[PDB]
Amino acid sequence: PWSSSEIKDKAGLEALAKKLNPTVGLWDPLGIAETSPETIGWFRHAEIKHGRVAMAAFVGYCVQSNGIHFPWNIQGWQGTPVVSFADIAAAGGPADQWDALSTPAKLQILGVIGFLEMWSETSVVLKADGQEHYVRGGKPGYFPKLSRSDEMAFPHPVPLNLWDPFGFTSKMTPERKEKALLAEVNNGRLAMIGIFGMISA
Amino acid sequence: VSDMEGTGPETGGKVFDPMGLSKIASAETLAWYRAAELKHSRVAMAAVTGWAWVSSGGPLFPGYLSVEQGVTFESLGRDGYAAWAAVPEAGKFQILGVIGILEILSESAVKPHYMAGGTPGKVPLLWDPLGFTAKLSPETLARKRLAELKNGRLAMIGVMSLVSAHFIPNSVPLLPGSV
Amino acid sequence: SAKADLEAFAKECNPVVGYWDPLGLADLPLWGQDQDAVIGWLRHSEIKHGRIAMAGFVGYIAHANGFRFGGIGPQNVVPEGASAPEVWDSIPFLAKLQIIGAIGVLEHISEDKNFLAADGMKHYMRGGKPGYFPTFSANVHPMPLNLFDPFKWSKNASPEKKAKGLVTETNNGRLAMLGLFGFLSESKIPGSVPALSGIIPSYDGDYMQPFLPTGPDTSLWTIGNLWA
Amino acid sequence: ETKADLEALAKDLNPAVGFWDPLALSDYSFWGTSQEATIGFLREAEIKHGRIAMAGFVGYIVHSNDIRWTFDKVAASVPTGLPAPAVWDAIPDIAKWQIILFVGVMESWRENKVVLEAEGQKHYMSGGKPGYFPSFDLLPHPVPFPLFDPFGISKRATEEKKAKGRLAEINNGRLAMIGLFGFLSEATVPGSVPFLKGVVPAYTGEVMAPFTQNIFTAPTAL
Amino acid sequence: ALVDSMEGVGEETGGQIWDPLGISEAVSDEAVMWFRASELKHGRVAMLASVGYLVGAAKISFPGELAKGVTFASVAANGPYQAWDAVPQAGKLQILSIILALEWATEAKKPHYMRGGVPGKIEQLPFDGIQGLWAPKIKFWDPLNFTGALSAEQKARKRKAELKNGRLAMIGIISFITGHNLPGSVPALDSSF
Ligand SMILES: CC(=O)O[C@H]1CC(C)(C)C(=C=C/C(C)=C/C=C/C(C)=C/C=C/C=C(C)/C=C/C=C(\C)C(=O)C[C@@]23O[C@]2(C)C[C@@H](O)CC3(C)C)[C@](C)(O)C1
Ligand SMILES: CC(=O)O[C@H]1CC(C)(C)C(=C=C/C(C)=C/C=C/C(C)=C/C=C/C=C(C)/C=C/C=C(\C)C(=O)C[C@@]23O[C@]2(C)C[C@@H](O)CC3(C)C)[C@](C)(O)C1
Ligand SMILES: CC(=O)O[C@H]1CC(C)(C)C(=C=C/C(C)=C/C=C/C(C)=C/C=C/C=C(C)/C=C/C=C(\C)C(=O)C[C@@]23O[C@]2(C)C[C@@H](O)CC3(C)C)[C@](C)(O)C1
Ligand code: KC2
Ligand code: KC2
Ligand SMILES: CC1=C(C#C/C(C)=C/C=C/C(C)=C/C=C/C=C(C)/C=C/C=C(C)/C=C/[C@@]23O[C@]2(C)C[C@@H](O)CC3(C)C)C(C)(C)C[C@H](O)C1
């Protein structure tokens with residue numbers, strides 16, 4: 001059973017809809033607001049995560065198309081062939097650059113991404129922190145801290161966290177955080193349509 | 001089975017029974033087990049001593065085993081399963097018949113048969129004709145029976161080591177490849 | 001309850017994950033035995049696998065890189081530069097047999113009621129410590145040194161330290177299991193352990209047949225070699 | 001179960017369709033036994049057929065696309081590219097006879113009065129639970145897992161979730177008995193399922209003929 | 001009725017008397033004791049015969065020679081089926097003679113299974129008490145006397161096991177013979193049968 005103020009009904013979805021945009025309101029033709037609280041939370045977090053990934057992908061696409069490559073060597077230290085980020089850039093456009101990336105580099109990147117995914121999904125970590133799983137009444141999008149000294153801390157200390165490593169939010173006001181969440185949802189949708197547009201082009 | 005003899009210090013101080021046939025065995029079944037153990041012990045000790053004596057350069061008996069057929073002790077080669085093969089079939093039947101008569105005797109003469117009370121492995125005819133062990137204390141006799149069982153278990157492994165050497169060459173180390 | 005103890009042990013092993021029994025093997029009634037006996041068996045299997053895998057990992061580094069005792073012995077028939085899978089294949093057949101048999105004697109002593117009772121302990125499936133190798137205090141002939149802690153470095157160690165050491169033993173044993181089979185898998189399904197690619201050579205031969213190839217039949221004993 | 005219980009079950013499976021027995025099998029007394037036991041047998045039949053047909057749908061998709069086990073010789077012996085019905089006919093008959101006898105041992109285990117009443121349930125015809133399968137607790141020898149949930153999942157499931165799952169089981173079974181037969185009918189009768197034209201490979205044999213050589217006339221041995 | 005008290009009901013048939021034809025209800029108790037005695041006799045003969053057929057099909061034969069001219073393997077080198085002919089006439093004559101003696105003694109014991117006796121408990125020392133006949137007191141059943149270590153409850157459990165194994169062996173022996181006769185009848189039987 002849900003025990004939080006997280007949205008669990010079409011009324012709350014409509015409230016958040018007018019909050020993010022008074023004009024559109026709730027645009028739900030498929031009627032996936034007519035679902036259980038757990039599914040509503042799942043859809044909320046899915047939207048948020050697509051926003052994160054789409055924004056990151058769009059900014060990466062812009063930087064890679066501009067051609068601001070890295071100055072290092074990507075391989076060739078532990079007795080392997082030498083490949084440079086300049087070579088990766090000269091491979092082609094962003095999809096071609098990803099294709100030109102070596103296979104274990106891809107595997108390690110995807111592994112770190114999955115590590116962050118599971119640190120998000122781990123209910124015990126959120127409850128050691130101040131949250132629960134987004135399906136069972138948790139805030140959609142909260143990343144638990146990777147730096148900690150609790151029993152749920154890594155064997156070796158981690159320096160910083162994923163979100164807010166140096167407190168750029170610092171103390172944003174108790175509701176301007178929600179304002180930024182609204183702006184984030186809108187910008188995530190915009191970046192979603194944008195990145196699919198660039199990929200289609 | 002805990003009361004019966006055989007538990008020396010070599011297997012803890014307890015009965016050796018992985019499968020647990022003693023658990024199935026009643027008192028008379030344990031009597032059968034001890035009687036069979038003892039008979040295998042004694043036959044094996046005789047067999048291994050004879051094999052060692054014959055095949056370790058010991059003096060073969062003099063004269064002819066069979067004057068009529070010409071078979072001699074020396075003609076019988078000092079090799080396991082060759083001396084027996086070359087022994088006359090009549091002599092083989094003599095040995096087997098004497099053994100069979102003795103075993104029917106040890107079954108019919110003992111009155112409280114090892115199965116119905118009695119003592120397993122007691123054969124009054126053959127033991128100590130000169131009475132060599134007729135004035136030993138009961139403890140000493142128990143110790144000597146324990147020694148009998150321990151020697152015989154080793155003897156029955158040894159006789160099979162000899163047998164499996166002939167039938168499977170190079171089975172046993174520290175033993176000739178042939179026999 | 002045994003499952004409660006196992007759950008707490010899992011939290012100690014990793015508190016973020018905790019108890020993770022996806023198959024319910026703790027709940028399953030193996031051999032019809034109760035949950036306590038089943039969990040004792042499963043825990044003992046875990047530590048046994050982990051211990052043997054840790055020793056196997058260190059042995060893989062020893063054999064593959066080249067680490068041999070000098071003088072007469074099994075190491076003199078193994079070709080120099082042989083792979084870790086090839087060392088076992090190249091030692092004599094009797095050497096393989098006596099290694100496995102000595103391990104068998106150790107296992108037998110480990111589960112014997114005699115030694116465990118002389119040490120005032122019980123079998124791990126009947127209310128005992130899962131993973132406890134007893135002292136050789138009933139081996140008919142005295143043995144100088146025991147298997148665990150032969151020099152008795154831990155004769156006065158705190159129970160809390162011993163519990164933490166067992167928690168470490170389980171974790172490192174699991175990790176060593178994964179690494180050792182990483183080595184084995186890289187030699188038969190290449191490109192499966194990405195880091196080990198190019199390091200572990202391919203091995204054509206059944207790992208799980210101990211006696212294939214049977215290895216040489218040499219006689220390495222010199223003085224008193226009447227069995228040859 | 002009573003016919004009122006069947007009406008309630010139908011109205012929970014599909015509120016609009018509701019109770020839709022037009023042939024009155026629910027009313028015909030099977031073998032002279034009461035309606036409450038004919039309902040049990042019919043409901044167990046529905047659940048069992050749906051189960052076998054769902055498994056058969058997944059298995060037909062697996063066989064037509066030749067996703068075979070990698071470390072067996074029978075699968076290697078069977079030629080590749082055959083129609084899924086032929087992937088059954090190309091097998092040693094001794095393997096067919098052991099699949100079938102495995103189902104026989106399992107369905108002897110299920111209907112057993114002693115095992116069912118030891119675990120707490122009764123026979124589906126004796127007011128028990130239709131579509132239940134007792135675990136192997138009273139088995140002669142130990143075995144590692146049961147059939148239903150060999151692992152632990154749903155050992156702590158609510159009765160509400162179980163009721164929802166049984167409703168979904170019946171509905172998906174009703175649908176899969178039609179999907180699998182759509183595959184078979186399109187295979188053995190081209191242009192029978194209009195939407196699978198050119199998708200299901202064709203077939204000539206009889207899907208209701210398990211063994212190549214007729215067991216009733218001339219079997220084969222190994 | 002005497003049927004309700006006997007052993008033989010198992011968990012397989014729901015712990016109920018397996019009599020579809022109802023002959024157990026029809027016939028009297030005396031015929032029921034005959035039927036139980038015959039059941040156990042067939043079952044024990046079949047538990048012997050099934051393992052005998054397995055050994056013959058494996059061609060596992062004793063090392064030696066049955067007669068002075070034929071080997072145990074020579075007799076068994078044509079499968080179990082064509083074995084009784086290859087056995088010498090005298091050997092099977094002696095086998096059937098001792099079987100006749102055992103049958104006659106077990107039937108000649110006074111407390112007959114029908115007329116006031118336990119069905120299937122043929123006397124454990126046949127040939128004893130016969131005027132003008134002496135044989136060793138080799139207990140027919142369990143001469144090693146494994147029964148002494150079992151209580152009555154264990155004996156009942158093992159009698160249930162006896163009946164069930166006997167029934168399975170009666171099926172299995174005819175399965176083997178049919179597998180030889182009709183080649184495809186019983187699957188999982190190779191050409192040795
Ligand atoms: C190296 C390798 O790989 O394997 C090894 C091991 C392996 C394979 C097993 C081997 C073997 C064979 C072995 C071990 C054979 C063992 C044989 C054995 C143990 C043979 C005992 C006989 C005892 C007798 C005859 C006793 C007579 C006893 C008599 C005559 C008496 O009554 C004595 C006594 O009455 C007096 C006179 C006076 C009385 O007051 C007191 C008593 C009653 C006491 C190998 C080949 O060697 C090599
Ligand atoms: C199987 C085969 O073929 O093997 C082959 C190959 C293999 C194994 C490699 C071989 C080898 C090499 C081996 C085994 C080499 C061994 C070398 C060895 C054993 C070397 C010790 C040195 C110790 C020193 C200097 C100690 C000084 C110690 C001192 C200063 C003292 O005594 C001090 C003190 O004690 C006093 C005096 C008494 C007290 O008042 C005070 C104390 C306690 C402080 C062999 C031989 O080739 C055989
Ligand atoms: C021609 C035209 O015009 O139309 C049609 C004709 C035709 C032929 C009908 C067509 C079709 C295809 C159809 C309709 C196919 C339907 C197939 C169907 C209906 C297949 C179900 C499988 C279900 C399985 C395996 C379930 C396993 C479920 C298991 C083992 C569970 O674990 C159950 C579970 O409860 C537990 C125990 C625990 C809980 O935690 C929850 C879960 C869920 C995990 C076409 C091609 O579309 C076109
Ligand atoms: C423990 C067993 C045993 C006993 C108790 C025993 C007792 C007696 C007695 C009683 C007082 C006499 C009088 C006697 C006499 C003869 N024994 Mg005899 N014997 C035993 C064993 C063997 C074996 C193994 C052989 C054998 C033989 C002969 C020959 C040779 C005849 C010939 O040259 O034709 C003669 C005359 C050999 C044989 O028959 O060879 C064909 C032969 O190999 N015996 N034997
Ligand atoms: C291959 C065969 C197969 C398929 C394809 C299949 C599919 C589905 C689907 C489809 C989407 C759902 C949703 C579903 C749900 C449930 N199944 Mg089911 N199932 C299969 C087999 C078995 C067996 C053997 C058993 C079983 C059971 C249950 C229970 C427990 C209810 C309770 O315990 O009250 C629930 C909730 C057990 C039982 O008792 O059912 C009354 C049981 O023994 N199922 N099952
Ligand atoms: C120290 C230690 C442990 C250990 C260990 C290890 C690895 C132990 C290994 C031991 C090992 C490998 C021991 C081999 C012995 C070989 C022998 C006895 C051979 C004799 C051979 C003989 C007697 C041969 C004799 C003859 O040929 C001769 C010479 C000539 C003739 O006159 C007579 C005959 C023909 C018969 C524990 C306990 C496991 C744990 C603890 O924590 C620490």
# chains A, B, ... in the order shown; residues from 1 in each chain; ligands from 1
>>> residues_around(residues="segment 102-115 of chain C", least_positions_apart="4", cutoff="6 Å", atoms="only C-alpha atoms", output="list in words")
residues 98, 133, 134 and 138 of chain C
>>> write_last_selection(atoms="C-alpha atoms", output="PDB file, in the first residue's frame")
ATOM      1  CA  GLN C  98      47.160 -39.574  -4.543  1.00  0.00           C
ATOM      2  CA  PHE C 133      37.546 -29.025   9.823  1.00  0.00           C
ATOM      3  CA  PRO C 134      38.282 -30.970  13.040  1.00  0.00           C
ATOM      4  CA  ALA C 138      41.460 -39.343  16.757  1.00  0.00           C
TER       5      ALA C 138
END
>>> residues_around(residues="residue 19 of chain C", least_positions_apart="5", cutoff="12 Å", atoms="only C-alpha atoms", output="list in words")
residues 3, 4, 5, 6, 7, 8, 9, 10, 11, 12, 13, 14, 24 and 26 of chain C
>>> write_last_selection(atoms="N, CA, C and O atoms", output="PDB file, in the first residue's frame")
ATOM      1  N   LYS C   3      17.266 -20.370   9.044  1.00  0.00           N
ATOM      2  CA  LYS C   3      17.085 -19.385   7.984  1.00  0.00           C
ATOM      3  C   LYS C   3      17.283 -17.972   8.509  1.00  0.00           C
ATOM      4  O   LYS C   3      17.790 -17.109   7.791  1.00  0.00           O
ATOM      5  N   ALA C   4      16.884 -17.710   9.755  1.00  0.00           N
ATOM      6  CA  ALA C   4      17.138 -16.398  10.342  1.00  0.00           C
ATOM      7  C   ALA C   4      18.635 -16.137  10.459  1.00  0.00           C
ATOM      8  O   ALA C   4      19.121 -15.046  10.128  1.00  0.00           O
ATOM      9  N   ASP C   5      19.384 -17.140  10.923  1.00  0.00           N
ATOM     10  CA  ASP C   5      20.833 -16.996  11.022  1.00  0.00           C
ATOM     11  C   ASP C   5      21.458 -16.792   9.647  1.00  0.00           C
ATOM     12  O   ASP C   5      22.355 -15.959   9.479  1.00  0.00           O
ATOM     13  N   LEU C   6      20.993 -17.546   8.648  1.00  0.00           N
ATOM     14  CA  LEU C   6      21.523 -17.404   7.297  1.00  0.00           C
ATOM     15  C   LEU C   6      21.199 -16.031   6.721  1.00  0.00           C
ATOM     16  O   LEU C   6      22.028 -15.426   6.032  1.00  0.00           O
ATOM     17  N   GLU C   7      19.993 -15.526   6.987  1.00  0.00           N
ATOM     18  CA  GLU C   7      19.626 -14.190   6.536  1.00  0.00           C
ATOM     19  C   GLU C   7      20.515 -13.129   7.165  1.00  0.00           C
ATOM     20  O   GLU C   7      20.988 -12.229   6.464  1.00  0.00           O
ATOM     21  N   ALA C   8      20.765 -13.223   8.473  1.00  0.00           N
ATOM     22  CA  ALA C   8      21.659 -12.267   9.121  1.00  0.00           C
ATOM     23  C   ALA C   8      23.072 -12.372   8.555  1.00  0.00           C
ATOM     24  O   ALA C   8      23.757 -11.358   8.365  1.00  0.00           O
ATOM     25  N   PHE C   9      23.523 -13.598   8.281  1.00  0.00           N
ATOM     26  CA  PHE C   9      24.832 -13.793   7.671  1.00  0.00           C
ATOM     27  C   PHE C   9      24.898 -13.140   6.298  1.00  0.00           C
ATOM     28  O   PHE C   9      25.932 -12.586   5.913  1.00  0.00           O
ATOM     29  N   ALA C  10      23.803 -13.206   5.540  1.00  0.00           N
ATOM     30  CA  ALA C  10      23.768 -12.559   4.233  1.00  0.00           C
ATOM     31  C   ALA C  10      23.868 -11.044   4.361  1.00  0.00           C
ATOM     32  O   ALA C  10      24.541 -10.389   3.555  1.00  0.00           O
ATOM     33  N   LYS C  11      23.190 -10.466   5.355  1.00  0.00           N
ATOM     34  CA  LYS C  11      23.306  -9.029   5.585  1.00  0.00           C
ATOM     35  C   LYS C  11      24.735  -8.655   5.946  1.00  0.00           C
ATOM     36  O   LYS C  11      25.257  -7.635   5.480  1.00  0.00           O
ATOM     37  N   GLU C  12      25.385  -9.470   6.780  1.00  0.00           N
ATOM     38  CA  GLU C  12      26.783  -9.214   7.109  1.00  0.00           C
ATOM     39  C   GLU C  12      27.678  -9.333   5.881  1.00  0.00           C
ATOM     40  O   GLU C  12      28.620  -8.549   5.725  1.00  0.00           O
ATOM     41  N   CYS C  13      27.404 -10.304   5.007  1.00  0.00           N
ATOM     42  CA  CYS C  13      28.185 -10.454   3.783  1.00  0.00           C
ATOM     43  C   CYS C  13      28.037  -9.231   2.889  1.00  0.00           C
ATOM     44  O   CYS C  13      29.025  -8.715   2.354  1.00  0.00           O
ATOM     45  N   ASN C  14      26.808  -8.765   2.701  1.00  0.00           N
ATOM     46  CA  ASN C  14      26.555  -7.553   1.934  1.00  0.00           C
ATOM     47  C   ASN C  14      25.233  -6.937   2.388  1.00  0.00           C
ATOM     48  O   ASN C  14      24.172  -7.480   2.054  1.00  0.00           O
ATOM     49  N   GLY C  24      15.225 -20.504  -3.633  1.00  0.00           N
ATOM     50  CA  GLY C  24      14.645 -21.043  -2.417  1.00  0.00           C
ATOM     51  C   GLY C  24      15.324 -22.296  -1.914  1.00  0.00           C
ATOM     52  O   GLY C  24      14.695 -23.085  -1.199  1.00  0.00           O
ATOM     53  N   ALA C  26      17.363 -22.817   0.391  1.00  0.00           N
ATOM     54  CA  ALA C  26      17.254 -22.931   1.839  1.00  0.00           C
ATOM     55  C   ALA C  26      15.921 -23.549   2.233  1.00  0.00           C
ATOM     56  O   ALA C  26      15.855 -24.364   3.159  1.00  0.00           O
TER      57      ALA C  26
END
>>> interface_residues(of="chain B", to="chain E", cutoff="6 Å", atoms="only C-alpha atoms", output="VMD selection string")
chain B and resid 25 to 26 29
>>> residues_near_ligand(ligand="ligand 5", cutoff="7 Å", atoms="only C-alpha atoms and all ligand atoms", output="list in words")
residues 51, 52, 54, 55, 129, 130, 131, 132, 133, 134, 147, 148, 159, 161, 162, 163, 164, 165, 166, 168, 169 and 172 of chain D
>>> closest_atom_pairs(of="chain B", to="ligand 6", cutoff="10 Å", atoms="only C-alpha atoms and all ligand atoms", output="tab-separated table")
residue	atom	partner	partner_atom_place_in_ligand_line	distance
B:173	CA	ligand 6	35 (C)	9.5
B:174	CA	ligand 6	35 (C)	6.4
B:175	CA	ligand 6	35 (C)	9.3
>>> write_last_selection(atoms="N, CA and C atoms", output="PDB file, in the first residue's frame")
ATOM      1  N   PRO B 173      51.404 -52.591  -7.051  1.00  0.00           N
ATOM      2  CA  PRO B 173      52.825 -52.251  -7.015  1.00  0.00           C
ATOM      3  C   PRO B 173      53.559 -53.143  -6.033  1.00  0.00           C
ATOM      4  N   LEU B 174      54.864 -53.238  -6.250  1.00  0.00           N
ATOM      5  CA  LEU B 174      55.752 -53.975  -5.362  1.00  0.00           C
ATOM      6  C   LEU B 174      55.363 -55.449  -5.421  1.00  0.00           C
ATOM      7  N   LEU B 175      55.278 -55.948  -6.639  1.00  0.00           N
ATOM      8  CA  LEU B 175      54.820 -57.295  -6.933  1.00  0.00           C
ATOM      9  C   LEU B 175      55.140 -57.554  -8.405  1.00  0.00           C
TER      10      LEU B 175
END
>>> interface_residues(of="chain D", to="chain E", cutoff="9 Å", atoms="only C-alpha atoms", output="PyMOL selection string")
chain D and resi 93-94+97+108-109+111-115+215+218-222
>>> residues_near_ligand(ligand="ligand 1", cutoff="10 Å", atoms="only C-alpha atoms and all ligand atoms", output="NGL selection string")
(:B and (41-52 or 127-128 or 130-136 or 140-141 or 143-145 or 147-162 or 164-165 or 171-176)) or (:C and (226-227))
>>> residues_around(residues="residue 136 of chain A", least_positions_apart="3", cutoff="7 Å", atoms="only C-alpha atoms", output="list in words")
residues 2, 38, 132 and 133 of chain A
>>> closest_atom_pairs(of="chain D", to="ligand 3", cutoff="7 Å", atoms="only C-alpha atoms and all ligand atoms", output="JSON lines")
{"residue": "D:54", "atom": "CA", "partner": "ligand 3", "partner_atom_place_in_ligand_line": "22 (C)", "distance": 4.2}
{"residue": "D:55", "atom": "CA", "partner": "ligand 3", "partner_atom_place_in_ligand_line": "25 (C)", "distance": 5.3}
{"residue": "D:57", "atom": "CA", "partner": "ligand 3", "partner_atom_place_in_ligand_line": "20 (C)", "distance": 6.2}
{"residue": "D:58", "atom": "CA", "partner": "ligand 3", "partner_atom_place_in_ligand_line": "25 (C)", "distance": 6.3}
{"residue": "D:149", "atom": "CA", "partner": "ligand 3", "partner_atom_place_in_ligand_line": "37 (C)", "distance": 6.9}
{"residue": "D:153", "atom": "CA", "partner": "ligand 3", "partner_atom_place_in_ligand_line": "38 (C)", "distance": 6.9}
{"residue": "D:154", "atom": "CA", "partner": "ligand 3", "partner_atom_place_in_ligand_line": "38 (C)", "distance": 5.8}
{"residue": "D:165", "atom": "CA", "partner": "ligand 3", "partner_atom_place_in_ligand_line": "35 (O)", "distance": 5.4}
{"residue": "D:172", "atom": "CA", "partner": "ligand 3", "partner_atom_place_in_ligand_line": "19 (C)", "distance": 4.3}
{"residue": "D:173", "atom": "CA", "partner": "ligand 3", "partner_atom_place_in_ligand_line": "19 (C)", "distance": 5.9}
{"residue": "D:175", "atom": "CA", "partner": "ligand 3", "partner_atom_place_in_ligand_line": "19 (C)", "distance": 4.4}
{"residue": "D:176", "atom": "CA", "partner": "ligand 3", "partner_atom_place_in_ligand_line": "19 (C)", "distance": 3.8}
{"residue": "D:178", "atom": "CA", "partner": "ligand 3", "partner_atom_place_in_ligand_line": "9 (C)", "distance": 5.4}
{"residue": "D:179", "atom": "CA", "partner": "ligand 3", "partner_atom_place_in_ligand_line": "9 (C)", "distance": 4.0}
{"residue": "D:180", "atom": "CA", "partner": "ligand 3", "partner_atom_place_in_ligand_line": "8 (C)", "distance": 6.8}
{"residue": "D:181", "atom": "CA", "partner": "ligand 3", "partner_atom_place_in_ligand_line": "8 (C)", "distance": 7.0}
{"residue": "D:182", "atom": "CA", "partner": "ligand 3", "partner_atom_place_in_ligand_line": "8 (C)", "distance": 3.9}
{"residue": "D:183", "atom": "CA", "partner": "ligand 3", "partner_atom_place_in_ligand_line": "8 (C)", "distance": 6.0}
{"residue": "D:193", "atom": "CA", "partner": "ligand 3", "partner_atom_place_in_ligand_line": "1 (C)", "distance": 4.7}
{"residue": "D:194", "atom": "CA", "partner": "ligand 3", "partner_atom_place_in_ligand_line": "1 (C)", "distance": 5.0}
{"residue": "D:195", "atom": "CA", "partner": "ligand 3", "partner_atom_place_in_ligand_line": "1 (C)", "distance": 4.4}
{"residue": "D:196", "atom": "CA", "partner": "ligand 3", "partner_atom_place_in_ligand_line": "46 (C)", "distance": 5.8}
>>> residues_near_ligand(ligand="ligand 2", cutoff="8 Å", atoms="only C-alpha atoms and all ligand atoms", output="PyMOL selection string")
chain C and resi 69-73
>>> write_last_selection(atoms="N, CA and C atoms", output="compact mmCIF listing (two decimals), in the first residue's frame")
# COMPACT_ATOMS: atom_id res chain seq x y z
N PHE C 69 58.62 -26.76 -6.97
CA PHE C 69 59.62 -27.23 -6.03
C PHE C 69 60.73 -27.96 -6.80
N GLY C 70 61.93 -27.93 -6.24
CA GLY C 70 63.08 -28.55 -6.86
C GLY C 70 63.23 -29.99 -6.42
N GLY C 71 63.94 -30.77 -7.22
CA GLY C 71 64.30 -32.13 -6.87
C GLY C 71 63.34 -33.15 -7.45
N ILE C 72 63.51 -34.39 -6.98
CA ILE C 72 62.74 -35.51 -7.50
C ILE C 72 61.30 -35.37 -7.03
N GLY C 73 60.36 -35.50 -7.97
CA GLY C 73 58.95 -35.41 -7.68
C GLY C 73 58.12 -35.23 -8.93
>>> interface_residues(of="chain C", to="chain A", cutoff="9 Å", atoms="only C-alpha atoms", output="mmCIF file with N, CA and C atoms, in the first residue's frame")
data_model
loop_
_atom_site.group_PDB
_atom_site.id
_atom_site.type_symbol
_atom_site.label_atom_id
_atom_site.label_comp_id
_atom_site.auth_asym_id
_atom_site.auth_seq_id
_atom_site.Cartn_x
_atom_site.Cartn_y
_atom_site.Cartn_z
ATOM 1 N N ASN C 14 26.808 -8.765 2.701
ATOM 2 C CA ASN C 14 26.555 -7.553 1.934
ATOM 3 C C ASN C 14 25.233 -6.937 2.388
ATOM 4 N N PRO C 15 25.221 -5.828 3.138
ATOM 5 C CA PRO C 15 23.942 -5.309 3.641
ATOM 6 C C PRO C 15 23.072 -4.644 2.588
ATOM 7 N N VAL C 16 23.652 -4.168 1.488
ATOM 8 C CA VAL C 16 22.847 -3.586 0.422
ATOM 9 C C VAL C 16 22.027 -4.661 -0.278
ATOM 10 N N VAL C 17 22.641 -5.803 -0.580
ATOM 11 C CA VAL C 17 21.945 -6.898 -1.245
ATOM 12 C C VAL C 17 21.115 -7.658 -0.222
ATOM 13 N N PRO C 194 36.170 -10.742 -21.025
ATOM 14 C CA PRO C 194 36.859 -9.775 -21.898
ATOM 15 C C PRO C 194 38.293 -9.434 -21.515
ATOM 16 N N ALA C 195 38.580 -9.324 -20.218
ATOM 17 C CA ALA C 195 39.934 -8.978 -19.802
ATOM 18 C C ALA C 195 40.913 -10.101 -20.110
#
>>> closest_residue(among="B:15, B:102, B:95, B:38", to="ligand 4", atoms="only C-alpha atoms and all ligand atoms")
B:95
>>> residues_near_ligand(ligand="ligand 4", cutoff="10 Å", atoms="only C-alpha atoms and all ligand atoms", output="list in words")
residues 64, 65, 66, 67, 68, 69, 70, 71, 72, 73, 84, 86, 87, 88, 89, 90, 91, 92, 93, 94, 95, 96, 97, 98 and 99 of chain B
>>> closest_residue(among="C:82, C:23, C:2, C:39", to="chain D", atoms="only C-alpha atoms")
C:23
>>> select_by_dssp(residues="segment 109-227 of chain C", states="alpha helix (DSSP H)", output="MDAnalysis selection string")
chainID C and resid 109:111 113:118 159:186
>>> residues_around(residues="residue 105 of chain A", least_positions_apart="3", cutoff="12 Å", atoms="only C-alpha atoms", output="count of residues only")
15
